[PDB]
Amino acid sequence: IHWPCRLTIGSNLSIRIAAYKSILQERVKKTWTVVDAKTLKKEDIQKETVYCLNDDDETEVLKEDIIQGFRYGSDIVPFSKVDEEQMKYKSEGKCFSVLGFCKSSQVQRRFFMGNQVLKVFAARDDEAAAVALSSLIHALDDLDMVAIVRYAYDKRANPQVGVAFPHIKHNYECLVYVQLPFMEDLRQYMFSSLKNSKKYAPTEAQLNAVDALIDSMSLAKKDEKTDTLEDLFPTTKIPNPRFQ
DNA sequence: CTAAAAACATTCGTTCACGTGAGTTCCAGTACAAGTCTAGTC
């Protein structure tokens, strides 16, 4: 299916766009139902959840008598669902706005977040939006730039910051969007250097052996006088064995 | 006949509940060492 929205570069410029999920992990659509061993029916087994206090009597409390709460460092602060909904962050949903433009070298693949990749094309049938999107894509490609944008599926969806970069092919062109991390989503860890360690420094013979191993295990071959690498093990085209 | 208002069907995102493997650390449990064993006279 297509997700329609309006790419915004300012306050008076908007381009109708449609986004599809180019890449998304595929799961099993069918689940497993618990059934009784003696008789293979799910209606003979009932699953229920109960709530009890911290007393030896195991006093039972109804669901309606339960309040949501959060921990505040050894102190419990009650926070009802209605209060949270009233005070939760609110934003205008269904937005695709361009926060800015930055050099592609400033965005690194290792920082990509999320579990999906979006492909954004022009609207269904209109030459104006197609021309505008093509102009934007070509400008970004020529200038070596990407668009830092704000993405929100709808009102409920939590807004996110992502990077959209051009993707031009001989038959089609589009914008590839991938989510970007927040400041608190980054983990700052320290790792000991390996290039300046006198105990883990490999010798010349070891380096030669590793080079020979790498040469002998190349999954890409050079074609005959055409300068076009050929993949010998294209794992991207292999179906997931779990389904089979 | 006609369009439009209502109802119905689908996909997605978010939330929550449960189950489970892995890493860290805190503590109950165990083991072991050392002291005690009555008070007095002659």
Side-chain angles (χ1 to χ4, degrees), chain A residues 1-8 16-37 42-54 56 58-97 99 111-125 148-164 174-192 240-243:
Chain A
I1 68 184
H2 84 125
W3 181 74
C5 203
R6 265 167 331 107
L7 189 141
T8 302
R16 299 213 311 155
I17 50 140
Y20 310 85
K21 285 178 180 53
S22 157
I23 287 154
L24 188 77
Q25 186 148 221
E26 184 47 50
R27 315 270 194 184
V28 192
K29 215 213 315 201
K30 200 96 168 155
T31 56
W32 289 105
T33 57
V34 165
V35 299
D36 198 76
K42 79 173 283 325
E43 308 296 14
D44 311 4
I45 283 199
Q46 193 84 40
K47 174 142 61 53
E48 58 164 12
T49 186
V50 78
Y51 309 107
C52 67
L53 303 201
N54 270 6
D56 306 0
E58 295 321 281
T59 324
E60 183 280 335
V61 308
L62 306 210
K63 184 154 188 84
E64 180 263 308
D65 255 31
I66 292 293
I67 188 167
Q68 170 162 107
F70 291 91
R71 184 171 291 289
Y72 203 65
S74 87
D75 262 304
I76 283 297
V77 155
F79 199 32
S80 44
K81 259 170 178 298
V82 313
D83 293 22
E84 167 164 339
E85 237 298 355
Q86 175 128 340
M87 281 191 324
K88 86 193 212 200
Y89 169 82
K90 285 141 191 336
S91 49
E92 323 199 83
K94 199 115 185 176
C95 85
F96 205 79
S97 45
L99 308 193
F111 288 116
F112 285 7
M113 291 265 288
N115 263 97
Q116 50 146 19
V117 179
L118 252 63
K119 264 188 185 190
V120 187
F121 312 81
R124 277 196 289 199
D125 308 307
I148 307 302
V149 312
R150 171 187 168 95
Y151 178 62
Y153 198 73
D154 46 19
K155 314 208 306 313
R156 312 184 99 186
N158 303 132
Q160 52 203 60
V161 164
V163 63
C174 72
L175 273 163
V176 176
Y177 163 91
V178 194
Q179 206 197 136
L180 276 172
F182 290 114
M183 52 141 277
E184 79 255 30
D185 292 13
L186 306 151
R187 300 278 171 85
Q188 266 81 39
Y189 295 160
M190 228 65 37
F191 289 89
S192 94
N240 200 327
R242 94 184 280 179
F243 300 123

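These numbers come from the heavy atoms of this one structure, side chains and all, not from hydrogens, waters or symmetry mates. In the text below, chain A, chain B and the rest are named by the order of the sequence lines, each starting its count at 1.
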Q) Does A:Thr49 make a side-chain N or O approach to OP1 or OP2 of B:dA17 shorter than 4.0 Å? A) no
Q. Side chains of A:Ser97 and A:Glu92: does their closest heavy-atom pair fall under 4.5 Å?
A. no
Q.
Under the rule for side chain to side chain donor-acceptor pair (under 3.5 Å), what residues qualify as partners of A:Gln160, not counting sequence neighbours?
A. A:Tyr177
Q: Classify the ring geometry between A:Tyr151 and A:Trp3 as parallel (under 30°), tilted (30 to 60°) or perpendicular (over 60°).
A: perpendicular
Q | 4.5 Å side-chain heavy-atom contact, A:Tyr51 and A:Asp65 | A | no
Q: Give the dot-bracket string for DNA chain B, reading 5' to 3', where a pair is Watson-Crick or G-U wobble with both distances under 3.5 Å, ( ) marks pairs inside the strand, [ ] marks pairs crossing earlier ones, | marks a partner on another strand, and . marks unpaired.
A: ..........................................
Q.
Are more than 12 heavy atoms, taken from residues, nucleotides or ligands other than A:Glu184, located less than 6.0 Å from that residue's CD atom?
A. yes
Check: residues 71-86 of chain A side-chain donor-acceptor pairs under 3.5 Å, at least two apart:
unit_1: A:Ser80; atom_1: OG; unit_2: A:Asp83; atom_2: OD1; d: 2.9
unit_1: A:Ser80; atom_1: OG; unit_2: A:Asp83; atom_2: OD2; d: 3.3
unit_1: A:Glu85; atom_1: OE2; unit_2: A:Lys88; atom_2: NZ; d: 2.6

Q | Separation of B:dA17 P from A:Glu48 CD (nearest whole Å) | A | 16 Å
Between the protein and nucleotides 21-28 of chain B, which nitrogen or oxygen pairs are less than 3.5 angstrom apart?
none

Considering only nitrogen or oxygen atoms on both sides, find all protein atoms under 3.5 Å from nucleotides 9-12 of chain B and state each distance.
unit_1: B:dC12; atom_1: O3'; unit_2: A:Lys21; atom_2: NZ; d: 3.2

(Q) I need the A:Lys29 NZ to A:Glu26 CD distance, nearest 0.5 Å. (A) 9.0 Å
Q) Do A:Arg187 and A:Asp185 have side-chain heavy atoms sitting under 4.5 Å apart? A) no
Q: Heavy atoms only: give me the nearest A:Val117-A:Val178 pair and the separation to one decimal.
A: CG1-CG2, 4.0 Å
Q) If we only count heavy atoms from C-beta on, is the A:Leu175 to A:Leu7 side-chain gap below 4.5 Å? A) yes
Q | CZ-NZ distance between A:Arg6 and A:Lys94, expressed to the nearest 0.5 angstrom | A | 11.0 Å
Q) Can you list, by residue number, the residues of residues 64-91 of chain A that have a non-hydrogen atom closer than 4.0 angstrom to DNA chain B? A) A:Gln68, A:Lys81
**Q.** Inter-residue atom distance A:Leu118.CG - A:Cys174.SG, 0.5 Å rounding
**A.** 10.0 Å
**Q.** Within-4.5 Å side-chain heavy-atom neighbours: A:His2 and A:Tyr20
**A.** yes
